[PDB]
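Undergrad: Encoded as structure tokens, here's the structure I'll be asking about.
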Amino acid sequence: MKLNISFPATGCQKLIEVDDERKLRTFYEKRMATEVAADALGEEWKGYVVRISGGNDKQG
Amino acid sequence: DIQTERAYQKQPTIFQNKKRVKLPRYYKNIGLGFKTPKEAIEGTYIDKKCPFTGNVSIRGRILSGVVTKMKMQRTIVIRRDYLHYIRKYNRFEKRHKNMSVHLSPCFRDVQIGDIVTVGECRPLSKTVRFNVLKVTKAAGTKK
Amino acid sequence: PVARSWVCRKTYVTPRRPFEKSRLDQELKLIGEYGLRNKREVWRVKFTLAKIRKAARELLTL
Amino acid sequence: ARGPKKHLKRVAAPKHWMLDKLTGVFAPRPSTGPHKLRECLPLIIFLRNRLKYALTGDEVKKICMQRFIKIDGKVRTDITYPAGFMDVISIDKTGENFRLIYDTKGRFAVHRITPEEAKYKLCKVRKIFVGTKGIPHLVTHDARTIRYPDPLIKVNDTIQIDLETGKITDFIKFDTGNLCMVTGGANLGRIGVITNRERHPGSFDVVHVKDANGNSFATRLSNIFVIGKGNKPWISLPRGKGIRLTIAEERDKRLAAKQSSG
Amino acid sequence: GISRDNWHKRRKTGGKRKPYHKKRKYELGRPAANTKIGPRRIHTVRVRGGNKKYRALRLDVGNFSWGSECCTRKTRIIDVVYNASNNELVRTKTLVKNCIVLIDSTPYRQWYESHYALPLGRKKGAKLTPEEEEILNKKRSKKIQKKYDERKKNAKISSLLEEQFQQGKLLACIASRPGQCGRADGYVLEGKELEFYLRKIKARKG
RNA sequence: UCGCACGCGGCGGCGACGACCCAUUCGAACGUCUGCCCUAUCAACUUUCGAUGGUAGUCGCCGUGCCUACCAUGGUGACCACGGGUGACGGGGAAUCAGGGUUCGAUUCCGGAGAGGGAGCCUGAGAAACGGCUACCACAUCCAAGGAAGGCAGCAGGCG
RNA sequence: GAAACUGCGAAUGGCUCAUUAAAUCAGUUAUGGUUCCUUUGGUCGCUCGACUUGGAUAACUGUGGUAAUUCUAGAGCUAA
């Protein structure tokens, strides 16, 4: 599950893949433009209010 | 006499409810030397398709024919006879075209066999495109 | 659509009878004495005379 | 079709342009303007085919955009401009001025007019229009919407407008005996005095025109254009002067011209 | 879609035409507007020539006219009572051209009480508490009173027109076509025109 | 709004573009009178599922049963109506004739219809456009089997 | 000066004659029963309250997906 992370206050963006499902319950079953805290995605990700914007399917 | 429908029929141009202390009937000339009938001016018929008390303009061709049917209301059927020349056999053939012509009720005494004079205008209906301009009396018929 | 003539026209008319002795005598006189090549141009001068004769005849009727 | 036409076949071109059919399949389609397609003559035809300055269509393209052609007071850079009747095409380079006048035949005649003649032209009005504030209007043959005209100008009179100011100078009353110019039909190109007016309500009125040589003829009023009062014209006249003397003596004049000079 | 074509139907003699082309764009027909009573909801639609037509769907007010006094005013429409074309346009209250509708009388009643300043409507027993029209009835200038007194020569009104002023509901006929221009203008029934539908409305009730 | 010279607190010359409206050009669209191959082993046809007219409206750029609601029973025909076939796109025209006629006109100009068969639509002033979309039908294509994508009766060219 | 936004054209032309028998079409007239691109000629300080307003976005940087489309998704921007 690739994650295209973008941080608008600096303008940088990179692709990072995540390989566990228990961290993805805070991303699954949610709609567009929601302010989501990324406190469970990793040790470096805490207090990170991330807005989800949607990407591409496995068929593109 | 009049006003036997659901709506109120009246002449649209005139106003008949001005402050007071007969009707100012609307009528117009038609042109081409045609004299407007006396009954249109003094009568109480009102009809939007009349060539004198209605909003129809006479243009184009002017034809004539003989009336054959009058069972239809406010419109009649006339007959026109003509001969078509065939170039092979130096003869002719009797051909007739029976179009539908609107009859304004200004012309009161119109009989089957009268030689009617019609005038082209805008299409009044699916087939009607001609309106009666004058009614010449049939040959003889003094009784 | 192209801009050209499309006008093909014969310059001669073949006789109605092909094999009569009288016509074969007359055109053979005209070929050898004046050095012609074939019966086609024999008919080709006759077709030009037919136009002039027909154009004159309609003027006499006028 | 599904819209307006944009091409024009060479076969479908009008006969008075006299364009040859062996050159191209197409014809120069005239652009829209103050004149109709059929009776106008495009600027490309007047230069390449009438005056023979230009050879090809690209050669016409360059000359018109050198800003050397001034049609009736305004420079137009379109090769297919609808130059109609008596458009004063003024050429500045050679000091030469052309006014499109009909010949004795149906063709436009190549008539050179004097520079002092180039300042005015005669326009036939069509209707007297009342503007939105009681403003009289006149609409000419080239669609010149002239507001505040002379009140005595009627439906079918002609006005001698002035080109540099866009305003009228005089006008000619439509009356019998005045000179005329037959603009259309079999009598196209005829000049003669008006002798009889026939009224036809509903139909088209026909006016009999007496020629200068006494060859009286008829023409409907829609193809009739007066040019002056009595026997005095208001413009210059080309050779032939619109007589249409019958073809028996163009045979005589053409034969006599060759044998006289030798 | 629904189209306006003459070649799809029979001849004059009764023969059946056979089509030689499919439906054209200039034969286009559109669904009806069928505007009702409500706040202004008008939809604009593009038509042939790049023009605009105003498809009204809910209308409340209209610039009806009272032609005897040469005055017109904007008043709110309340009810629809009669339509000559169909009876289902009365039950389903739909506004088209030539509809007999009901309107409030106060925009026209005040004009009688201002320009003429005489009691119309106003069933006897009650007097105006805002007192504005009472001020307008009196307190005229001496030189304009003679001109005011000549306004009473034509200050008479027909009883049938005065009768509907009593309840405040005036019968009026639609004159403008509503689904095209979007407006609902018209005029008030008067005299011979007014008494004709009163016979028909009574015949509707029975 | 943008570009060239610019001469005197601000005004001037040469333009392009832009729009509201009116005429003009240009189309498109309905009508008006006349004209069309054969067929009677096609003589009655049309209609309350509009057939022909009247009234009032809807819709339409507008005239109009175009459509709706209420009415009248009307309209065409032996002068061939209606219907069927057409190996029928129509005309200007072509061949052929002394005179008259016969046959042809898919074909360069004009006008109509279409893009495999229907149907519906977006934009645009103008399309029911298909070298534009939206679906069904028939044919056909790549596929990783998840999906995507096509219309040469346009010039060539290939099969039948 | 590539690109891209914008404007216009793309409804012209070309092919074919399947459908179609007062239908198309041909001659003649009408739109006073209508709509109009473009062009041309006219209008457009007339109305009684600024030395030029506003924020999006394409191109571009960069993250990418789908086997694949003239497929596009996200993040910073920047003009009419």
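Counting starts with 1 at the first residue shown.
Going by what the header records, the deposited coordinates were determined by electron microscopy, 2.9 Å.
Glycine is treated like the rest: Cβ placed from N, Cα and C.
Relevant sequence annotations retrieved from Swiss-Prot are reproduced here:
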type	residues	note
COMPBIAS	E:7-25	compositional bias 'Basic residues'
CROSSLNK	E:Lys169	SUMO2 cross-link
CROSSLNK	E:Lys192	SUMO2 cross-link
LIPID	E:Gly1	N-myristoyl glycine
MOD_RES	E:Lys36	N6-acetyllysine
MOD_RES	E:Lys127	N6-acetyllysine
MOD_RES	E:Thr129	phosphothreonine
MOD_RES	E:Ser159	phosphoserine
Undergrad: Could you give the residue numbers and ranges of same-chain residues that sit at least 6 residues beyond the compositional bias 'Basic residues' (E:7-25) on either side and whose C-beta is under 8 angstroms from one of its C-beta atoms?
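TA: Contacts of the compositional bias 'Basic residues' (E:7-25) (Cβ under 8 Å, skipping residues fewer than 6 from its ends): 1.
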Undergrad: Which of the recorded positions E:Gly1, E:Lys36, E:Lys127, E:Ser159 have a Cβ less than 8 Å from any Cβ in chain B?
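TA: The recorded positions close to chain B: there are none.
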Undergrad: Per residue, counting other C-beta atoms within 10 angstroms of the C-beta, which of the recorded positions E:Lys127, E:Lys192 reaches the highest number?
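TA: That would be E:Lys192, with the most Cβ atoms nearby.
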Undergrad: Which one is it: of the recorded positions E:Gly1, E:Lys36, E:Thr129, E:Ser159, E:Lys169, whose Cα lies the shortest distance from the Cα of E:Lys192 (SUMO2 cross-link)?
TA: E:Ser159
Undergrad: Give me the CA-CA distance between E:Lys169 (SUMO2 cross-link) and the residue listed as 'phosphoserine', in Å, as a whole number.
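TA: Pair distance, Cα basis, whole Å: 14 Å.
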Undergrad: Per DSSP, to which secondary structure element type does E:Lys192 (SUMO2 cross-link) belong, with helix, strand and coil as the options?
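TA: Helix, per DSSP.
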Undergrad: Helix, strand or coil at E:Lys127 (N6-acetyllysine), per DSSP?
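TA: The three-state answer is coil.
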Undergrad: Could you round the CA separation between E:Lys127 (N6-acetyllysine) and E:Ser159 (phosphoserine) to a whole angstrom and send it over?
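TA: Counting only the Cα atoms, the answer is 22 Å.
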Undergrad: List the Cα distance (Å, whole number) between E:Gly1 (N-myristoyl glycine) and E:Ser159 (phosphoserine).
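TA: E:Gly1 (N-myristoyl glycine) and E:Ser159 (phosphoserine) have their Cα atoms 52 Å apart.
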Undergrad: Helix, strand or coil by DSSP: which one applies to E:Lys36 (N6-acetyllysine)?
TA: strand
Undergrad: Between the Cα atoms of E:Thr129 (phosphothreonine) and E:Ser159 (phosphoserine), find the distance and write it as a whole number of Å.
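TA: Rounded to the nearest whole number, the Cα-Cα distance is 26 Å.
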Undergrad: Non-local Cβ contacts of E:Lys36 (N6-acetyllysine) (under 8 Å, 6 or more apart, same chain)?
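TA: E:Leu57, E:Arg58, E:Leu59, E:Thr92, E:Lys93, E:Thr94, E:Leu95 - these are the non-local Cβ neighbours of E:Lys36 (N6-acetyllysine), listed in sequence order.
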Undergrad: Translate the DSSP assignment of E:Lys169 (SUMO2 cross-link) into the three-state scheme.
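TA: Strand, per DSSP.
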Undergrad: For the residue listed as 'phosphothreonine', what is the tally of other C-beta atoms lying within 10 angstroms of its C-beta?
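TA: Taking every protein chain into account, the count is 7.
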Undergrad: Of all the recorded positions here, E:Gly1, E:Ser159, E:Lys169, which one's CB has the most other CB atoms within 10 A?
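TA: Neighbour-count leader: E:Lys169.
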Undergrad: Is the residue listed as 'phosphoserine' helix, strand or coil when read with DSSP?
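TA: Where the residue listed as 'phosphoserine' sits, the three-state DSSP reduction gives helix.
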